[PDB]
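Per chain, numbering begins at 1; letters A, B, ... match sequence-line order.
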Protein chains: 2
Amino acid sequence: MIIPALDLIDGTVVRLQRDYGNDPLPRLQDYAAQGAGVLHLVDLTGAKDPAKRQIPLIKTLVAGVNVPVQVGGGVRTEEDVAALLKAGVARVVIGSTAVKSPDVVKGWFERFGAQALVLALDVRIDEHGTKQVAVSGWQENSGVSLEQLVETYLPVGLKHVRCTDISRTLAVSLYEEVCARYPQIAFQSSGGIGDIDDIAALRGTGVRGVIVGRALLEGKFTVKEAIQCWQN
Amino acid sequence: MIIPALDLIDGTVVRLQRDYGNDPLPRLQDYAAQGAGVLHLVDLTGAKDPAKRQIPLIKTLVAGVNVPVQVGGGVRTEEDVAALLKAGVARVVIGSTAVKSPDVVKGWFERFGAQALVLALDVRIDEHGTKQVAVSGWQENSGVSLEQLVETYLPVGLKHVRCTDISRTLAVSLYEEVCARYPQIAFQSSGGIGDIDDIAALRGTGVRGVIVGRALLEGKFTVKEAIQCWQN
Ligand code: NA
Ligand code: NA
């Protein structure tokens with residue numbers, strides 16, 4: 001499915017910064033109205049300072065739509081995960097902590113269940129062609145491949161992985177490769193959607209979810225058009 | 001390196017049939033004279049009937065050049081392997097038997113050493129993107145992936161694998177993927193070289209050996225030009 005996404009800084013919708021106003025709820029509602037089955041929020045404020053996690057805003061946004069929302073942004077502890085779920089989020093997106101403390105995060109899978117957690121990985125394809133995991137675009141590789149890290153969490157029932165290629169718009173071997181290798185996992189693609197043809201290009205790769213953020217804000221296409229393209 | 005190749009049927013050089021004469025030795029000698037470090041022969045007569053293995057011809061050809069030759073064609077038993085080595089071949093190319101009886105072939109690695117054996121696999125990329133092994137272009141998939149079969153032989157020190165893509169000329173994700181995954185193995189590519197640009201396209205993939213057969217017979221380029229291209 002198409003997964004429309006917003007990034008939020010102190011209540012403001014931003015592009016990766018470009019300011020798109022302080023109306024996240026009507027935007028999300030219109031995404032849902034066009035048929036989106038899942039939405040994605042990134043709490044950039046919380047990612048910078050966990051004490052400033054925008055729980056009240058997140059609570060309002062979730063309450064204001066009729067579809068599950070996956071939310072990420074500096075999720076560091078068990079308490080972070082529980083607080084988001086409690087605020088009504090459907091799935092918590094775990095990024096750097098999943099690279100840095102797998103034994104701890106494996107425990108979270110056991111407590112919350114794999115249906116409640118999405119593992120978000122940044123991938124650089126190195127000179128040799130290995131899928132190197134990195135915790136952000138501005139940090140060096142962490143010394144683990146995408147496959148190794150995925151296989152670390154398969155024993156606790158990993159179901160949802162969000163992959164961003166940070167070595168690369170999409171108009172796809174990477175997605176074809178990992179989706180074929182782990183057909184029991186639903187992979188999401190993030191980044192590289194500049195226009196509608198980028199979505200078409202992901203068709204057939206095996207990717208389950210296509211995250212779309214800035215192209216919608218920029219008015220390149222609508223959620224309805226993205227879904228029509230995706231469903232072909 | 002470039003690995004010039006000939007297929008032989010009852011002493012005749014053939015193209016995959018087109019007849020190119022009964023002068024395999026002067027052809028091989030000229031390949032070597034242009035700088036080839038390794039050559040490849042396929043005994044198509046032996047592949048059809050082991051009793052008719054062209055050992056006397058192979059013995060003459062090997063003796064007539066100054067470079068190692070890898071030879072394949074219906075290698076089915078330990079006795080086949082030993083007979084070829086004895087006739088002076090440097091490496092024996094094992095195809096279908098490596099798919100069908102891995103425990104037996106693993107024993108051959110222990111007896112002869114990994115430097116003496118090349119595993120030749122035909123690969124079809126299926127609808128899901130899995131690298132499916134098949135024993136020939138005219139048979140269905142065998143129910144094992146390239147990765148699974150490679151990992152079967154890694155414990156006995158597998159070093160040389162010759163991969164033909166039989167689902168596809170090359171002008172390469174497949175080669176990039178497997179070479180990156182198993183950097184301790186020297187992979188050879190076979191097929192899909194129609195012109196010199198097909199060799200350039202394999203540069204950077206991680207492939208060690210590029211088998212070139214029909215393009216040389218057809219006069220598209222020379223061994224010297226292929227080597228110049230490959231070495232860049
Ligand atoms: Na570093
Ligand atoms: Na069959």
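- Listed here is the closest heavy atom pair of B:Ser136 and B:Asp122: CA-OD2, 3.5 Å.
- Screening residues 92-119 of chain A for side-chain hydrogen bond (donor to acceptor under 3.5 Å, both in side chains) gives A:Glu78-A:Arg111 as the qualifying pairs, with residues at least two apart or on separate chains.
- Among B:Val42, B:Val13, B:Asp43, the one residue that satisfies the side chain to side chain contact (heavy atoms under 4.5 Å, CB included) test with B:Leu8 is B:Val13.
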TODO: Dump the intermediate steps for ring pair (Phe, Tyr, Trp, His ring centres under 6.0 Å) on A:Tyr153 and A:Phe109, then the final yes or no.
DONE: CA-CA 9 Å; A:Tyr153 289 101; A:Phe109 273 87; 5.7 Å; yes
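- Open room surrounds NZ on B:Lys59; 12 or fewer heavy atoms of other groups in view lie less than 6.0 Å from it.
- Residue A:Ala134 comes nearest to A:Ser142 through the heavy atom pair CA-OG, 3.5 Å, listed as atom of the first residue, atom of the second, then distance.
- Considering every non-hydrogen atom in both A:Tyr175 and A:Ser190, the closest pair reads OH-N, 3.7 Å.
- Side-chain contact, B:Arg91 with B:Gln70: a donor N or O sits under 3.5 Å from an acceptor N or O.
- By the 4.5 Å heavy-atom criterion applied to side chains, B:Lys131 and B:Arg124 are not counted as neighbours.
- The closest donor-acceptor contact from the side chain of A:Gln188 to the backbone of A:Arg162 lies at 3.5 Å or more, if one exists at all.
- In this structure, A:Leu149 and A:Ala98 approach most closely via the heavy-atom pair CD1-O, 3.9 Å.
- Every residue was checked against the side-chain hydrogen bond (donor to acceptor under 3.5 Å, both in side chains) condition with B:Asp195, not counting sequence neighbours, and none meets it.
- Under the rule for a side-chain hydrogen bond (donor to acceptor under 3.5 Å, both in side chains), the partners of B:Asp165 that lie at least two apart in sequence or sit in another chain are B:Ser167.
- At least one donor-acceptor pair under 3.5 Å links the side chain of B:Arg53 to the backbone N or O of B:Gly73.
- No side-chain donor-acceptor contact under 3.5 Å links B:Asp30 to the backbone of B:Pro26.
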Task: Derivation of the side-chain contact (heavy atoms from CB on, under 4.5 Å) call for A:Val92 and A:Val118 - done: CA-CA 6 Å; A:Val92 180; A:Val118 180; over 6 Å; no
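- Counting all heavy atoms, side chain and backbone alike, A:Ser145 lies closest to A:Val133 at C-CG2, 3.8 Å.
- Around the CD atom of B:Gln184, the shell of radius 6.0 Å holds more than 12 heavy atoms that belong to other residues, nucleotides or ligands.
- Using modelled atom types, no side-chain atom of B:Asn141 and backbone atom of B:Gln132 make a donor-acceptor pair closer than 3.5 Å.
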Side-chain polar contacts of residues 200-209 of chain B - donor-acceptor pairs under 3.5 angstrom, sequence neighbours left out - could you list them?
residue, atom, partner, partner atom, Å
B:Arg203, NH1, B:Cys229, O, 2.8
B:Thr205, OG1, B:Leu202, O, 2.6
B:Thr205, OG1, B:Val207, N, 3.2

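- The number of heavy-atom neighbours closer than 6.0 Å to CD of A:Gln139, taken from other residues, nucleotides and ligands shown, is above 12.
- With salt bridges taken as basic N to acidic carboxylate O contacts below 4.0 Å, none links A:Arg181 and A:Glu176.
- In terms of modelled atom types and a separation under 3.5 Å, the side chain of A:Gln231 and the main chain of A:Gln228 share no donor-acceptor contact.
- A donor-acceptor contact closer than 3.5 angstrom links the side chains of B:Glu151 and B:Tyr182.
- Considering every non-hydrogen atom in both A:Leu216 and A:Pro4, the closest pair reads CD1-CB, 3.8 Å.
- B:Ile166 has its side chain out of reach of B:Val123: every pair of non-hydrogen atoms, C-beta onward, lies at least 4.5 Å apart.
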Open item on the list: Show, in sequence, the C-alpha distance, side-chain angles and deciding distance for A:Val69 and A:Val89, and conclude whether the side-chain contact (heavy atoms from CB on, under 4.5 Å) test is met.
Closed with: CA-CA 6 Å; A:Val69 185; A:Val89 315; 5.5 Å; no
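- Screening residues 14-24 of chain B for side-chain hydrogen bond (donor to acceptor under 3.5 Å, both in side chains) gives B:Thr12-B:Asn22, B:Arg15-B:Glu218, B:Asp23-B:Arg27 as the qualifying pairs, with residues at least two apart or on separate chains.
- Exactly one of B:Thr45, B:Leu44, B:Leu57 qualifies for a side chain to side chain contact (heavy atoms under 4.5 Å, CB included) with B:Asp10. That residue is B:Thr45.
- Applying the side-chain contact (heavy atoms from CB on, under 4.5 Å) rule to A:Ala180 yields the partners B:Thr130; only residues at least two apart in sequence or on another chain are considered.
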